[PDB]
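Below: one structure, written as structure tokens.
Backbone-built Cβ (ideal geometry, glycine too); neighbour counts: all protein chains shown. Each answer follows from the model by the rule given with it, or from the source it names; these are not laboratory values.
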Amino acid sequence: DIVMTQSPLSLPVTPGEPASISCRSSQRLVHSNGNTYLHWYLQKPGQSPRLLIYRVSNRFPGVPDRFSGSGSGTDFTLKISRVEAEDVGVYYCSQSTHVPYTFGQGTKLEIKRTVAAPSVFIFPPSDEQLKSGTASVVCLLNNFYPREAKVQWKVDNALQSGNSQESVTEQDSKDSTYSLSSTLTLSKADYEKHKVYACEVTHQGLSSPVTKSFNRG
Amino acid sequence: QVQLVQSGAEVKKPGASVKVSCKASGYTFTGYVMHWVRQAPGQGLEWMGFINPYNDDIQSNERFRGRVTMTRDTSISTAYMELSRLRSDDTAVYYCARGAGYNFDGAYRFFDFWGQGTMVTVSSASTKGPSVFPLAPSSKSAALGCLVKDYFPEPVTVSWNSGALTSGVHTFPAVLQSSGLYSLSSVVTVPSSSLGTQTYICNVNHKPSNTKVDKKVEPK
Amino acid sequence: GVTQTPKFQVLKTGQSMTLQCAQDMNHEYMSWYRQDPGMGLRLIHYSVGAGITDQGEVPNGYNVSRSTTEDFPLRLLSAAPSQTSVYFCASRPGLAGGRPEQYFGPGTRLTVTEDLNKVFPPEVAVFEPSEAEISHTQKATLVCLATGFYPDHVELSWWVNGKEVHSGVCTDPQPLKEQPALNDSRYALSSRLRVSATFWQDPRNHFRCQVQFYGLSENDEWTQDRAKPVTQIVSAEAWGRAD
Amino acid sequence: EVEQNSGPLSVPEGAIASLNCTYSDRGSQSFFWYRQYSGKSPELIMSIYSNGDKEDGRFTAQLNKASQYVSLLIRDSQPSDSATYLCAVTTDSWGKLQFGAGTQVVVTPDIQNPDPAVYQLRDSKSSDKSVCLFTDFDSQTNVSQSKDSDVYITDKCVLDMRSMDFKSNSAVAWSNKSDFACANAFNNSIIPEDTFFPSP
Ligand SMILES: [Cl-]
Ligand SMILES: [Zn+2]
Ligand SMILES: [Zn+2]
Ligand SMILES: [Zn+2]
């Protein structure tokens with residue numbers, strides 16, 4: 001098969017600046033009929049891919065004119081003039097001259113809209129979950145940049161560890177911010193043996209570690 | 001109004017078979033070829049093959065030759081892909097993607113319209129429907145949500161007031177617990193005041209277990 | 001008398017259209033008809049004088065506006081495949097007295113499709129007269145063939161030594177469907193030009209068959225490997241052979 | 001309602017073509033005839049108001065208001081007259097102009113010296129591609145449509161070399177099948193036994 005190789009796999013860039021992704025093939029891609037079947041697709045979060053550029057330099061209908069392609073032989077390049085918030089996603093270069101069709105690894109676009117702190121929200125477990133012998137406490141960070149955060153759960157001021165998982169959404173289309181959701185899991189038995197429940201949240205967009213808490217159980 | 005609408009998500013044990021359908025609307029079905037592309041979770045794209053529904057001509061990726069079966073039914077405007085002898089590393093999203101070449105034109109070598117996709121999970125483990133618990137709003141001057149816990153396999157989908165409420169929501173990537181079952185949270189911010197006004201319900205769907213739950217989320 | 005543009009137009013489902021109709025007579029009454037093989041002529045809209053309009057027989061998808069006395073355009077909101085037709089603009093004097101004669105404009109041929117990849121230009125070929133026809137009748141017939149075009153919007157013409165010719169020609173009144181069953185089929189057309197044997201066998205005489213095709217514009221978008229099926233002239237030719 | 005004589009009317013070159021028209025309401029005042037060629041706009045050719053004849057060139061329109069009947073005769077009918085003729089009627093000076101369905105007229109030429117034959121003609125740029133021409137045949141010989149989906153046959157069309165005094169009919173037929181020569185092409189038509197088939 002033809003291997004496809006994109007240059008930066010992770011490209012962060014501030015709005016209104018130039019962005020440039022390279023792509024490179026193990027062989028030349030000129031079909032016998034004369035055309036060069038090399039393309040560019042973009043995948044946003046929670047969507048299928050969408051064609052931007054086809055046959056090196058042709059923009060697909062709908063695509064803004066700030067996107068453009070070039071190249072010949074083995075080296076090809078996607079260029080964006082003015083990067084905006086809606087450009088966030090994964091950029092794949094593809095080859096269709098020979099069988100089988102092969103894509104590149106993908107290049108993620110991060111936007112360098114800077115510094116913004118989270119809006120924290122603790123949640124006690126529901127009254128109906130507690131019937132079935134388990135208790136889930138949820139700490140919600142919301143709309144923050146950069147992505148780097150740290151959550152420390154504390155129960156009766158005792159730092160808990162290795163009993164909670166966290167999950168994080170992709171960078172948003174509009175505000176260009178992330179959101180996070182940690183979940184401490186305890187038994188019903190152990191839940192009732194304590195009272196003060198809290199998540200401590202450190203982030204470089206905050207001055208001092210904000211913390212939110214409650215008490216029952 | 002070109003629309004490609006695929007079959008819902010499924011679960012199959014190792015060594016078995018799965019059959020994904022893709023149904024076209026708003027164009028002449030026989031005019032364009034139909035490719036299939038897959039995506040494993042947190043991975044790139046892989047092309048499997050195509051079927052030209054005019055003449056039944058077929059190409060395939062060497063990797064699947066023997067295992068993959070692409071057919072078509074022109075009367076109902078539907079193309080099929082059937083993969084068999086399923087290994088665990090065939091767990092992925094499977095897309096159908098239309099070629100851009102009308103009537104034997106060379107533009108079929110790139111794709112202009114995709115389907116919504118089909119998650120196929122290969123596992124010996126049992127199917128299980130979720131439990132849905134509220135995340136009641138704080139006693140403080142406003143976020144609430146739904147917690148969908150203990151389901152297998154992926155995926156699920158969450159909406160608010162039958163799809164009416166859409167602004168401010170974040171539905172999180174699922175988390176694989178040590179028990180082998182999946183769990184996620186969906187949340188949403190609303191105005192400080194309007195907890196007494198509005199009546200919020202989350203609509204959870206898990207198709208492999210055939211589960212539909214309409215759970216109220218209100219202060220206590 | 002009556003002016004009407006454009007002559008031909010192809011359109012995609014959902015697009016919007018504006019049909020221009022001017023007239024240098026000082027007429028008060030102006031109307032729009034449409035003609036389909038089944039029904040015949042059908043009144044869409046009309047205007048008794050400048051500043052007022054009203055609804056005729058089949059008005060649903062159409063909008064009219066009588067601004068000035070001269071002009072009277074017609075507006076299509078969202079094009080449908082039902083609205084594939086020929087549209088005519090008409091005008092009476094409408095004053096209480098003499099000359100109640102209605103005069104029609106040239107007409108506009110409109111075709112609407114689900115997708116514009118179904119439009120193709122015509123392939124054109126000239127076929128030279130047989131040696132047997134020259135021998136048996138002392139005459140020579142050339143034949144022209146316009147093949148595989150869509151939509152049905154074409155004007156065939158014959159040329160000799162750089163000047164157009166009407167004498168001794170005839171073109172088909174109606175074009176053939178290559179695929180008669182399916183209702184979005186491509187089209188074929190033939191024409192002839194007959195000429196004395198002596199004239200064909202002069203090697204200085206040159207013949208040319210032209211087809212003006214009315215398809216897309218440079219504005220319309222195109223994702224296809226083949227060349228954009230734009231408005232163009234395709235043509236083929238033959239010299240006289242002295243054998 | 002404006003009702004005309006139906007179908008396509010066939011008339012020999014030089015003969016007279018009769019067209020009728022009848023209307024419903026007695027209040028009708030003006031009466032018009034239009035002439036529409038294939039793929040063109042209607043052209044006004046005659047108009048009557050009072051009862052009786054009105055003659056103009058080879059046209060003769062006639063009106064009788066009592067029987068609510070209108071006519072158009074075409075003397076010495078030429079092949080150029082082949083078109084479809086619309087009848088039109090109004091009550092007022094600004095009242096609605098009600099058209100009729102239309103009556104198609106086909107004027108078949110007088111082929112005095114017929115010599116039916118099927119010739120084969122080759123493409124200018126390819127000896128490979130070729131076409132079959134059925135020509136110089138008598139009027140009242142009808143060419144039928146193709147049965148096969150891959151064989152194309154056009155309908156008969158009338159020619160006129162005006163520098164001479166000669167008119168001929170012609171039909172064209174072609175196909176991409178290797179199973180196709182000019183001998184079999186017009187087998188679906190009933191043609192003269194007379195017909196000339198030269199060597200290919
Ligand atoms: Cl026919
Ligand atoms: Zn503890
Ligand atoms: Zn404890
Ligand atoms: Zn092999």
Among the residues of segment B:172-219, which ones are under 25 Å from the mean Cα position of the chain (by Cα) and among the aliphatic types (A, V, I, L, M)? B:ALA174, B:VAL175, B:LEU176, B:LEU181, B:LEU184, B:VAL187, B:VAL188, B:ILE201, B:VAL204, B:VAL213
Are any of the residues in segment A:86-102 within 8 Å of another protein chain (Cβ to nearest Cβ) and touching a helix residue (DSSP H, G or I) at 6+ places or on another chain (Cβ under 6 Å)? yes
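Considering only residues that are within 16 Å of ligand 3 (Cβ to nearest atom) and of a type in the set (S, T, N, Q), look in segment A:153-193 and name the one that is nearest to the other protein chains (Cβ to nearest Cβ). Give the steps one after another, and end with the answer.
Going residue by residue through segment A:153-193, those that are within 16 Å of ligand 3 (Cβ to nearest atom) are A:153-164, A:184-193.
This time we only want the ones that are of a type in the set (S, T, N, Q), so: A:157, A:160-161, A:163-164, A:185, A:187.
On the way: A:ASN157: 21, A:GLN160: 16, A:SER161: 15, A:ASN163: 10, A:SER164: 10, A:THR185: 8, A:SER187: 13 Å.
Applying the filter and picking the extreme gives A:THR185.
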Would a scan of segment D:134-144 turn up a residue that is more than 17 Å from C:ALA146 (Cβ to Cβ), among the aromatic types (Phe, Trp, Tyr), assigned to a loop (DSSP other than H, G, I, E, B) and away from ligand 2 (no atom under 16 Å from the Cβ)? yes
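Which of the following residues is loosely packed, with under 14 Cβ neighbours inside 10 Å and closer than 23 Å to A:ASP175 by Cα: A:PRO15, A:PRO49?
A:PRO15
Looking at segment D:33-52, is at least one residue touching a helix residue (DSSP H, G or I) at 6+ places or on another chain (Cβ under 9 Å) and not in a loop (DSSP other than H, G, I, E, B)?
yes
Which one is nearest to the other protein chains (Cβ to nearest Cβ), of the residues in segment C:130-188 that are in a loop (DSSP other than H, G, I, E, B) and in contact with a helix residue (DSSP H, G or I) (Cβ under 7 Å, 6 or more places away or on another chain)? Please lay out each step first, then the result.
Here is the first cut: in segment C:130-188, the residues in a loop (DSSP other than H, G, I, E, B) are C:130, C:138, C:151-153, C:161-162, C:165-168, C:172-175, C:178-186.
Next, only the ones that are in contact with a helix residue (DSSP H, G or I) (Cβ under 7 Å, 6 or more places away or on another chain) stay: C:138, C:184.
On the way: C:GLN138: 11, C:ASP184: 8 Å.
Checking each candidate, the answer is C:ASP184.
So which residues in segment A:127-145 are among the small types (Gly, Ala, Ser) and either more than 16 Å from ligand 3 (Cβ to nearest atom) or assigned by CATH to the domain that holds A:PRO12 (or both)? Lay out the reasoning, then the answer.
So in segment A:127-145, the residues among the small types (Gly, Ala, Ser) come out as A:132-133, A:135-136.
Matches in segment A:127-145: A:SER132 only.
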Of the residues A:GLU166, A:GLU148, which is farther than 24 Å from B:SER167 by Cβ, loosely packed, with under 12 Cβ neighbours inside 10 Å, among the charged types (D, E, K, R) and outside the structural domain of A:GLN43 (by CATH)? A:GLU148
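Name the single residue, out of those in segment A:141-193 being more than 16 Å from the chain's Cα centre (by Cα) and among the β-branched types (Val, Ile, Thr), that is farthest from ligand 1 (Cβ to nearest atom). Step through it out loud before you land on a result.
Within segment A:141-193, the subset more than 16 Å from the chain's Cα centre (by Cα) is A:150-165, A:182-193.
Now drop any that are not among the β-branched types (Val, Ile, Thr), which leaves A:151, A:155, A:183, A:185.
Numbers: A:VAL151: 82, A:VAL155: 91, A:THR183: 77, A:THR185: 81 Å.
Checking each candidate, the answer is A:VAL155.
Would you mind finding the one in A:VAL196, A:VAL201, A:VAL210 that is within 16 Å of ligand 3 (Cβ to nearest atom), within 34 Å of the chain's Cα centre (by Cα) and away from chain B (no Cβ under 12 Å)? Step through it out loud before you land on a result.
Working: A:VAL201 fails: within 16 Å of ligand 3 (Cβ to nearest atom); A:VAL210 fails: within 16 Å of ligand 3 (Cβ to nearest atom).
Being within 16 Å of ligand 3 (Cβ to nearest atom), within 34 Å of the chain's Cα centre (by Cα) and away from chain B (no Cβ under 12 Å) holds for just one of A:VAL196, A:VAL201, A:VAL210, which is A:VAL196.
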Could you pull out the residue among D:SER178, D:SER163 that is facing chain C (nearest Cβ under 9 Å), assigned to a loop (DSSP other than H, G, I, E, B), surrounded by fewer than 13 Cβ atoms within 10 Å (Cβ to Cβ) and more than 16 Å from ligand 2 (Cβ to nearest atom)? D:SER163
Those residues that are more than 11 Å from every other protein chain (Cβ to nearest Cβ), among the polar types (S, T, N, Q) and over 23 Å from C:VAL154 (Cβ atoms), I need them from segment C:198-239; list them, please. C:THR198, C:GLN201, C:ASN205
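Has segment C:217-226 got at least one residue that is part of a strand (DSSP E or B) and either assigned by CATH to the domain that holds C:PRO81 or surrounded by 14 or more Cβ atoms within 10 Å (Cβ to Cβ) (or both)?
Of the residues in segment C:217-226, the ones part of a strand (DSSP E or B) are none.
No: segment C:217-226 contains no residue that is part of a strand (DSSP E or B) and either assigned by CATH to the domain that holds C:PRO81 or surrounded by 14 or more Cβ atoms within 10 Å (Cβ to Cβ) (or both).
Inside segment C:11-60, can you point out the residues that are assigned to a loop (DSSP other than H, G, I, E, B), of a type in the set (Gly, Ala, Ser), within 14 Å of chain D (Cβ to nearest Cβ) and within 21 Å of the chain's Cα centre (by Cα)?
Going residue by residue through segment C:11-60, those that are assigned to a loop (DSSP other than H, G, I, E, B) are C:13-16, C:24-29, C:37-39, C:48-53, C:56-60.
Imposing the further condition that a residue be of a type in the set (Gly, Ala, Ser) reduces the set to C:14, C:16, C:38, C:49-51, C:56.
Now drop any that are not within 14 Å of chain D (Cβ to nearest Cβ), which leaves C:38, C:49, C:56.
The answer is C:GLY38, and nothing else.
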Selected residue [closer than 18 Å to B:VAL204 by Cβ and either surrounded by 14 or more Cβ atoms within 10 Å (Cβ to Cβ) or out of contact with any strand residue (DSSP E or B) (no Cβ under 9 Å at 6 or more places or on another chain) (or both)] from B:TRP160, B:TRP114: B:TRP160
Which listed residue, of D:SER93, D:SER77, is assigned to a loop (DSSP other than H, G, I, E, B) and closer than 30 Å to C:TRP32 by Cβ: D:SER93
